[PDB]
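Student: Chains as they are written, first to last, in my numbering: chain A, 52 to 211; chain B, 12 to 64; chain C, 15 to 64. The beta-carbon is built from N, C-alpha and C at its ideal position, and this holds for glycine as well. The following block contains the structure, expressed as structure tokens.
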Amino acid sequence: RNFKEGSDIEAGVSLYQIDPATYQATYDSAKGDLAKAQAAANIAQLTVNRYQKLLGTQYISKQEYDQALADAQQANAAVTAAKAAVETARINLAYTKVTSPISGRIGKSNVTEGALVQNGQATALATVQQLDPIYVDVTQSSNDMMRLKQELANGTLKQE
Amino acid sequence: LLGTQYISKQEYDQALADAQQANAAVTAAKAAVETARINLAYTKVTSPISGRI
Amino acid sequence: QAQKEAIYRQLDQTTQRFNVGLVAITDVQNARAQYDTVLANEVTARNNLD
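Encoded structure:
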């Protein structure tokens, strides 16, 4: 746990440390496959750069160029698959936790350090609350807010 | 073989593609071991703090 | 001379592949030798003309 209990915590202030050990691995599988997609598109970017210089002139025979301009545009798209597959598994890594994006006053710690928490668990860890605009759930009877709405015909009058 | 320029410069980078992507595959498998090694830290259930049980 | 418009054009791109990096220096110095054999055939063609 990385906050002080009962203090005031801004949004995005990562002060729970869920154990990264599984998610640091899945980040490294994905950031590995980003480099597996980049370095496969790096040379797919050279093989267009090495073929762009032979366009119009002699050997490259536009289709055999455009077969490489496939493979650049196709494997840079594979990066866009993997760079988002990192950005998926980055928002399962730095996604631990505090707070939920409200900013306000944190209550207890209903969990403590070491207790296993689950993906969208039943209970809650801690409850960040914001207090200065506060609600009051006034709870009117039903026959009144027929009658007070039927007092719009006789009255009411509410203004402005 | 390209200090003395005796292969293509293209076939080198294409092998350096394969070098760098396969080392990017090991990292994508050393993490996959690190996924399944950490299951064997999740077997043999480690007491996550100290104190009394 | 339609081979020298061809195999020099072969040389003039295998050289322009090596300036980029597609071929080894053999495939230049081969293709020059395949070009210079075209000279040692085309000069004999100009010699067997006369």
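Helix, strand or coil: which one does DSSP assign to A:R156?
Tutor: The residue labelled residue 156 of chain A in the question sits at position 105 within the first sequence. Reduced to three states, the DSSP call for A:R156 is strand.
Student: Between A:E202, A:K55, A:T77 and A:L97, which has its C-alpha nearest B:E22's C-alpha?
Tutor: Translated into the one-based positions of the second sequence, residue 22 of chain B becomes position 11. Measuring from the Cα of B:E22, the nearest candidate turns out to be A:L97.
Student: Flag B:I18 as yes if its beta-carbon sits less than 8 angstroms from any beta-carbon of chain A, otherwise no.
Tutor: By one-based count along the second sequence, residue 18 of chain B stands at place 7. B:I18 does not count as touching chain A.
Student: Just the Cα atoms here: how many angstroms apart are C:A45 and A:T108?
Tutor: To locate residue 45 of chain C, count along the third sequence from 1; it is residue 31. To locate residue 108 of chain A, count along the first sequence from 1; it is residue 57. The straight-line gap from Cα to Cα measures roughly 18 angstroms.
Student: Kindly confirm or deny that the region 73-86 of chain A and the region 125-138 of chain A touch, where touching means at least three C-beta pairs closer than 8 angstroms.
Tutor: The region 73-86 of chain A is in contact with the region 125-138 of chain A.
Student: Determine whether the Cβ of B:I60 lies closer than 8 angstroms to any Cβ atom of chain A.
Tutor: Numbered from 1 along the second sequence, position 49 holds the residue referred to as residue 60 of chain B. Judged by the 8 angstroms Cβ criterion, B:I60 is in contact with chain A.
Student: Measuring CA to CA, which of A:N170, A:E202, A:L203 and A:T207 is closest to A:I69?
Tutor: Taking the first sequence and counting its residues from 1, one reaches residue 69 of chain A at position 18. If we check each option's Cα against that of A:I69, A:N170 comes out closest.
Student: Excluding the five sequence neighbours on either side, which residues of its own chain have a C-beta within less than 8 angstroms of the C-beta of A:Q75, listed in chain order?
Tutor: Here residue 75 of chain A refers to the residue found at position 24 when the first sequence is read from its first residue. Around A:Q75: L144.
Student: According to DSSP, is B:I18 part of a helix, a strand, or is it coil?
Tutor: Along the second sequence, one-based indexing puts residue 18 of chain B at 7. Looking at B:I18 - three-state DSSP - the assignment turns out to be coil, as it is neither helix nor strand.
Student: Going by alpha carbons, who is nearest to A:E164 out of A:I157, A:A173 and A:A177?
Tutor: Sequence index remark: in the first sequence, residue 164 of chain A carries index 113 (1-based). Among A:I157, A:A173 and A:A177, the Cα nearest to that of A:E164 belongs to A:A177.
Student: By the criterion of Cβ-Cβ separation under 7 angstroms, what are the contact partners of B:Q21 in chain C?
Tutor: Your numbering for residue 21 of chain B matches position 10 in the second sequence. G35 and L36, listed in chain order.
Student: If you follow the alpha helix (DSSP H) that A:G83 is in, where does it begin and where does it stop?
Tutor: The count along the first sequence starts at 1 and reaches residue 83 of chain A at position 32. Where A:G83 is concerned, the enclosing alpha helix (DSSP H) stretches over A72 to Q103.
Student: Return no unless some Cβ of chain B is closer than 8 angstroms to the Cβ of A:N127.
Tutor: On the first sequence, residue 127 of chain A is found 76 positions in, with the first residue counted as 1. So no, A:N127 is outside the interface.
Student: Please confirm whether A:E61 and A:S154 have their CB atoms less than 8 angstroms apart.
Tutor: The residue labelled residue 61 of chain A in the question sits at position 10 within the first sequence. The residue labelled residue 154 of chain A in the question sits at position 103 within the first sequence. Yes; because the gap between Cβ atoms is below 8 angstroms, this pair is in contact.
Student: How many Å lie between A:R156 and A:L208 at the Cα?
Tutor: Here residue 156 of chain A refers to the residue found at position 105 when the first sequence is read from its first residue. Here residue 208 of chain A refers to the residue found at position 157 when the first sequence is read from its first residue. Taking the straight line from one Cα to the other gives about 40 angstroms.
Student: At 8 angstroms on the CB atoms, spell out the chain A contacts of B:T54, in chain order.
Tutor: Here residue 54 of chain B refers to the residue found at position 43 of the second sequence. Those do not exist, as B:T54 stays about 13 angstroms from chain A at its closest Cβ, beyond 8 angstroms.
Student: Since C:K18 is in the alpha helix (DSSP H), which residue starts that stretch and which ends it?
Tutor: Residue numbering aside, residue 18 of chain C sits at position 4 when the third sequence is read from its first letter. Looking at the DSSP string, the run of the alpha helix (DSSP H) that includes C:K18 is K18 to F32.
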